[PDB]
Structures are given as C-alpha cells and as structure tokens.
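Note sheet for the following structure.
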2 protein chains.
Amino acid sequence: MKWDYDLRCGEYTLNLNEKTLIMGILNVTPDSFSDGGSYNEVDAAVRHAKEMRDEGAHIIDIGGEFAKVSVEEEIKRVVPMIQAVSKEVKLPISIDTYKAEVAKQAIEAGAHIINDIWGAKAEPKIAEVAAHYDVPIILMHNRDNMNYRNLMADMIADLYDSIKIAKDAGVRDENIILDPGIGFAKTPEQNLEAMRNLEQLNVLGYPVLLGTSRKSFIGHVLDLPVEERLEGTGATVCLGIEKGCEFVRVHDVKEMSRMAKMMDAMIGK
Amino acid sequence: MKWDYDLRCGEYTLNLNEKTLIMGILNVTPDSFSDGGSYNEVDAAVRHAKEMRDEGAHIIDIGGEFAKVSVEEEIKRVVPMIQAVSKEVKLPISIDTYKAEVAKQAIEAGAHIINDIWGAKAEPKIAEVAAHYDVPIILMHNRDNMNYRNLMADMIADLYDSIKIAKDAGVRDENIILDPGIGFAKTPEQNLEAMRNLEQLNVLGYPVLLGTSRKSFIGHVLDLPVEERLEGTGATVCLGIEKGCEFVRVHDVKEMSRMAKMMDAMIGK
Ligand SMILES: CN1CC=Nc2c1nc(N)[nH]c2=O
Ligand SMILES: CN1CC=Nc2c1nc(N)[nH]c2=O
C-alpha cells in the first residue's frame with residue numbers, strides 16, 4: 001500500500017502498512033547508590049518492559065540520560081538495561097541517544113533502532129554508527145533557537161539537512177524515520193501549529209514518528225498537570241494518525257494502543 | 001467564521017464556532033414501583049445532570065424510552081425529569097423522542113431542543129411541533145433496512161428527505177442540525193465507512209452532531225465490552241471533530257470534554 005518495504009530490525013520486522021506502531025517509553029529510574037546494572041533498577045525496567053509488551057507496545061525506547069552523568073556513566077546505565085530487556089522481552093529496542101559512542105555500545109548490547117533527538121546534528125558520527133550496523137535511525141527535528149521565519153517550511157528544511165548528513169554517511173533511505181520534534185525548540189503555539197500541519201512531512205517520502213505524550217503544550221491547552229494529560233495525549237495521537245504518522249511514542253501504552261487501533265479501523269489502515 | 005449565526009435555545013445560546021459542543025447523556029433509570037416523578041429516580045437524574053454540568057457538558061439529553069411504556073407513560077416519566085433538571089441545572093435540554101406528542105409536552109415542561117432518531121420520518125408532525133415552538137431539531141439518519149446502493153450517497157439522500165419534511169412544516173434552516181445516525185441501520189463496517197467519510201455531510205450546509213459513545217462498532221473493532229469503550233469512543237470523537245462536527249453526544253463527559261478541547265486547539269477552532 002503506502003510503503004513498499006518493511007522496517008528491518010535484525011531479528012524483528014515492522015510492517016508499516018498494517019497498523020500504527022506503538023513505541024513504549026521505558027521508565028528508567030536510576031539507583032542512587034549505584035553505578036548502573038544494579039538489581040532494583042534493572043528489575044524495575046524489565047517489569048515495565050513486560051507490562052508494556054503485554055499492553056500492546058511494538059518497540060521499547062530506552063535512554064540513559066536523576067543524578068548527573070558522563071558519557072561513560074551513561075553507557076554503564078543503559079547497557080545492562082538493554083541486555084536484560086532484549087533477553088527477557090521479545091520486541092525491538094530503540095536507544096534514545098544523540099551520542100555516537102552511546103549509540104554504538106547500545107547496539108552492541110542489543111538495541112535495534114537509534115532514536116536521535118538532535119537528528120545527527122549534535123554528533124554527525126552517529127549516522128556513521130547507524131550506517132555501519134545498518135539499523136533504522138529516527139531523525140528528530142530540533143534546534144538551539146526558536147527563530148522561525150516560517151515554522152513548517154523551516155522544519156522541513158532542517159529535517160532535510162538531517163537526511164543529508166545521514167545519506168552522506170551511507171544511511172539507506174529505508175533506514176530513515178523522521179519526527180517533527182514536538183515540544184523541542186517550539187512555543188506552545190508552534191507545537192499546535194506543527195500538529196495542525198503534520199501531513200506536510202509526508203512530502204519528504206519517509207515514515208514519521210510522533211512523540212507528544214504528556215508534554216507541556218497539552219498542559220498549556222487543558223491547564224492540567226503531567227499526571228492528568230491522558231485525554232489530551234489521546235487527541236494528539238488521533239490527529240497524528242489521521243495525518244499519516246506510522247509510529248507514536250507514548251507512556252500510556254494500554255490506552256494509546258486502543259485509541260490507535262480504533263483510529264486505524266476508521267481510516268482503513 | 002464557518003457559521004454566521006448562533007443556535008438559539010430560548011434563554012441559552014450556543015456558539016457554533018468557538019468550540020465543539022458536548023451533549024451529555026442523562027442516565028434516566030426508572031423506579032420499578034413508580035409511575036414517573038418519584039423522588040429516587042428524579043433525584044438520581046438531577047445529581048447526574050449536575051455532575052455532567054460540572055464536567056464540561058453544554059447540553060443535557062433526556063429520553064423517556066427498563067419497563068415497557070406507552071406514550072402517556074413516556075410523558076409521565078420524562079416530564080418531571082425535565083422540570084427538575086431545567087430548574088436545577090442551567091443548560092439547554094434536548095428531548096430524545098420521535099413522537100410529536102412527547103416532543104410537545106417536553107418543550108412545554110422546559111426542553112429546548114428536539115432530538116429525533118427518526119429524522120421526522122416516523123411521525124412527521126414532530127416537525128410541526130418544532131416549527132411552532134421555534135426550537136432546534138436534530139434530524140438523525142435512520143431507516144428500517146440496511147439495503148444501501150451506496151452508503152454515503154444514500155445517507156445524504158435520506159437526510160435530505162428529512163430536511164424536506166422539516167422545511168415544508170416551516171422549520172427555519174437555523175433550527176436544523178443533522179446526525180449520520182451511527183449504529184442505526186448500519187453494519188459495523190458501514191459505521192466505519194460513515195466515520196471515514198463524515199466530512200461529506202458538510203455539503204448539506206447544516207451543523208452536524210455525532211453520537212458514537214460506547215456503541216457496538218467500537219466493541220467490534222476492539223473486542224471490548226461496553227464499560228471498556230472509553231479510548232475507542234475518544235478516537236471517534238477526535239475524528240468526528242477533525243471532520244467538522246459541531247456537537248458530540250457522549251456518556252463520559254469529563255474525558256470527552258478534555259479530548260474535544262485539545263482537538264479544538266489543534267485544528268484552530
Ligand atoms: C527521546 N525523546 C524524549 C522526548 N520526546 C521525544 C523523544 N524522541 C522522539 N523521537 N520524539 C519525541 O517526541
Ligand atoms: C437518542 N439517541 C440514542 C442513541 N444514539 C444516538 C441518539 N441520538 C442522536 N442524535 N445520535 C445518536 O447517535
């Protein structure tokens with residue numbers, strides 16, 4: 001249908017036409033008296049990954065950045081979690097990092113997808129890591145300023161700069177996913193505007209991931225704290241899917257999997 | 001903006017451009033040892049109308065049809081509820097009836113809007129009641145068979161037949177609201193198809209109400225019982241709003257008011 005290839009994630013394969021793919025956000029709370037890999041913190045992560053699998057998640061997102069942490073210490077946290085989760089939960093894993101070295105150890109430890117909040121712009125070598133291991137990479141829209149001439153024209157220009165960095169490093173078109181970076185470098189009004197105009201990202205010819213779960217633009221509209229943002233997140237997931245997004249990144253996996261599934265049936269996905 | 005008039009409901013006025021209007025469904029459980037108007041059953045209804053008002057409802061929908069009931073007995077139930085609710089809760093009231101005589105007493109007892117599941121086709125005199133009291137009337141799509149040549153072409157043809165009955169009786173264009181009658185005379189697949197194509201109803205030039213709350217097409221997609229249909233209802237409300245509907249008729253007023261509000265901000269309503 002829309003996509004003439006599947007997303008290839010080593011042992012796992014994700015069909016981009018059958019359904020909206022749910023990326024569950026692993027809650028990753030560090031042990032205070034620990035250097036990483038301790039029992040309480042890895043056990044908590046594994047229990048949460050199993051719950052999210054049981055609730056309809058298709059991908060488990062894991063990041064290493066409570067306590068301030070260096071690149072070495074970021075690796076010592078994330079690597080044992082990736083090892084335990086990939087052994088114990090049979091889903092592809094994405095590593096949430098903008099650092100080449102973290103991306104590399106995370107993949108060597110078992111991660112399948114790179115999730116980069118700086119779209120290969122903070123550390124362009126991450127795209128070389130992606131190109132060598134032949135993994136999918138999510139290039140998120142971000143910048144270090146909010147000075148838009150024209151929000152969507154500018155986001156598309158910036159995403160294309162990320163695509164260029166990734167292609168010049170030898171990333172294959174099939175391993176590129178884009179993300180409008182909701183809640184990054186954008187005022188609450190720009191986030192609403194990006195949501196209203198999300199379908200424009202489809203001209204670039206790549207699958208789009210949307211991440212809106214619990215973000216402050218929803219609290220800004222509803223005047224509700226982070227724990228009362230489920231309905232608002234749901235509205236953003238539904239619009240995202242109606243505008244053609246292939247993945248949503250969410251905390252409330254059970255509720256959002258049911259909304260995604262209803263949306264899919266109505267739109268004929 | 002889209003609408004150059006407000007919906008005029010006697011003492012209350014509903015702006016059709018500011019926001020999606022939430023019609024809350026009054027739960028109307030009859031007393032078993034009672035003829036209507038008893039304390040337990042009217043008190044339950046009033047408490048539920050106050051809760052729904054506090055939760056973001058803009059209209060309270062009240063119907064009279066547990067125990068089997070005649071036209072006279074339908075009036076004895078609905079009339080005391082309308083009287084108490086209209087005295088105690090300051091929102092417009094719609095009367096859910098396809099019967100001319102029930103519509104008439106309900107308005108005389110205080111109801112502001114007629115909600116007709118047969119679109120003036122079961123009892124065409126209801127449109128004369130509507131025309132005399134100068135109240136808004138919701139004409140829902142319904143039929144006594146599922147023999148569609150072409151679902152949407154046919155729904156639009158049938159709605160237009162309702163509009164004709166209503167205009168010939170002297171109903172003013174400003175007092176007409178349409179509704180695609182989701183869950184009426186339609187298979188679960190036709191309900192999905194009507195949802196996918198809802199924007200077509202906008203060619204008729206009238207405000208549209210959508211009622212999907214907890215309906216079996218959602219249980220059919222999600223394989224979930226009536227008490228576990230909140231997320232699925234939410235997806236239908238969101239798509240409905242994205243496709244231009246002015247009202248949604250819902251049981252879960254708190255959750256759906258928050259979803260409607262998020263949707264409004266994203267689409268620029
Ligand atoms: C890694 N994070 C953190 C917060 N939000 C996001 C994220 N990654 C992606 N791809 N999209 C997001 O919205
Ligand atoms: C009165 N009822 C009962 C069940 N569903 C509906 C209804 N009225 C309208 N307008 N729309 C509905 O979907």
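Heads up, the Cβs are rebuilt from the backbone with ideal geometry, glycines too, and the neighbour counts pull from every protein chain shown. Just so you know, all these numbers are worked out from the coordinates, no wet-lab data involved.
For B:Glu227, the stated conditions hold: it is part of a helix (DSSP H, G or I) and more than 12 Å from every other protein chain (Cβ to nearest Cβ). Within segment B:59-79, is there a residue that is more than 16 Å from ligand 2 (Cβ to nearest atom) and touching a strand residue (DSSP E or B) at 6+ places or on another chain (Cβ under 9 Å)? No, segment B:59-79 contains no residue that is more than 16 Å from ligand 2 (Cβ to nearest atom) and touching a strand residue (DSSP E or B) at 6+ places or on another chain (Cβ under 9 Å). Taking the criterion of being touching a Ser or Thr at 6+ places or on another chain (Cβ under 9 Å) and either more than 17 Å from B:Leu7 (Cβ to Cβ) or within 16 Å of ligand 1 (Cβ to nearest atom) (or both), the residues of segment B:124-141 that qualify are B:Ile126, B:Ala127, B:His141.
Here is a yes/no grid of residues against (1) within 16 Å of ligand 1 (Cβ to nearest atom); (2) over 17 Å from the mean Cα position of the chain (by Cα); (3) of a type in the set (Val, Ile, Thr):
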position	(1), (2), (3)
B:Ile177	no, no, yes
B:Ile182	no, no, yes
B:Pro188	no, yes, no
B:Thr212	no, no, yes
B:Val221	no, yes, yes
B:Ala260	no, no, no
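Any residue in segment A:162-174 that is assigned to a loop (DSSP other than H, G, I, E, B), within 14 Å of chain B (Cβ to nearest Cβ) and either buried (at least 19 other Cβ atoms within 10 Å of the Cβ) or away from ligand 1 (no atom under 13 Å from the Cβ) (or both)? No, segment A:162-174 contains no residue that is assigned to a loop (DSSP other than H, G, I, E, B), within 14 Å of chain B (Cβ to nearest Cβ) and either buried (at least 19 other Cβ atoms within 10 Å of the Cβ) or away from ligand 1 (no atom under 13 Å from the Cβ) (or both).
A residue that is part of a loop (DSSP other than H, G, I, E, B), among the small types (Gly, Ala, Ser) and under 20 Å from B:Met259 (Cβ atoms) occurs nowhere in segment B:187-205. If you filter segment B:111-150 down to residues that are among the small types (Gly, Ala, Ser) and under 19 Å from B:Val71 (Cβ atoms), you find that the one that is surrounded by the most Cβ atoms within 10 Å (Cβ to Cβ) is B:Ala111.
What about B:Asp154, is it of a type in the set (D, E, K, R) and under 19 Å from B:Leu14 (Cα atoms)? The answer is no for B:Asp154.
Restrict the check to segment B:25-32 and report whether at least one residue is in contact with a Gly (Cβ under 8 Å, 6 or more places away or on another chain) and more than 16 Å from ligand 2 (Cβ to nearest atom). Yes: segment B:25-32 contains one or more residues that are in contact with a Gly (Cβ under 8 Å, 6 or more places away or on another chain) and more than 16 Å from ligand 2 (Cβ to nearest atom). Only a single item in (1) more than 10 Å from chain A (Cβ to nearest Cβ); (2) more than 16 Å from B:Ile59 (Cα to Cα); (3) surrounded by 23 or more Cβ atoms within 10 Å (Cβ to Cβ) is not met by B:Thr233, and it is number (1). For the residues A:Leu204, A:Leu210, A:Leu198, the requirement of being touching a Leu at 6+ places or on another chain (Cβ under 8 Å) and away from every other protein chain (no Cβ under 13 Å) singles out A:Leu204. Annotation: A:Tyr98 fulfils all but one of (1) surrounded by fewer than 16 Cβ atoms within 10 Å (Cβ to Cβ); (2) among the aromatic types (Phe, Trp, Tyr); (3) within 20 Å of the chain's Cα centre (by Cα); the unmet one is (1). Report yes if some residue within segment B:220-237 is over 19 Å from A:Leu239 (Cβ atoms) and within 12 Å of ligand 2 (Cβ to nearest atom); otherwise report no. No, every residue in segment B:220-237 fails to be over 19 Å from A:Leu239 (Cβ atoms) and within 12 Å of ligand 2 (Cβ to nearest atom). Evaluated against (1) under 21 Å from B:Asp264 (Cβ atoms); (2) more than 8 Å from chain B (Cβ to nearest Cβ); (3) surrounded by fewer than 19 Cβ atoms within 10 Å (Cβ to Cβ), A:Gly240 falls short on exactly one condition, (3).
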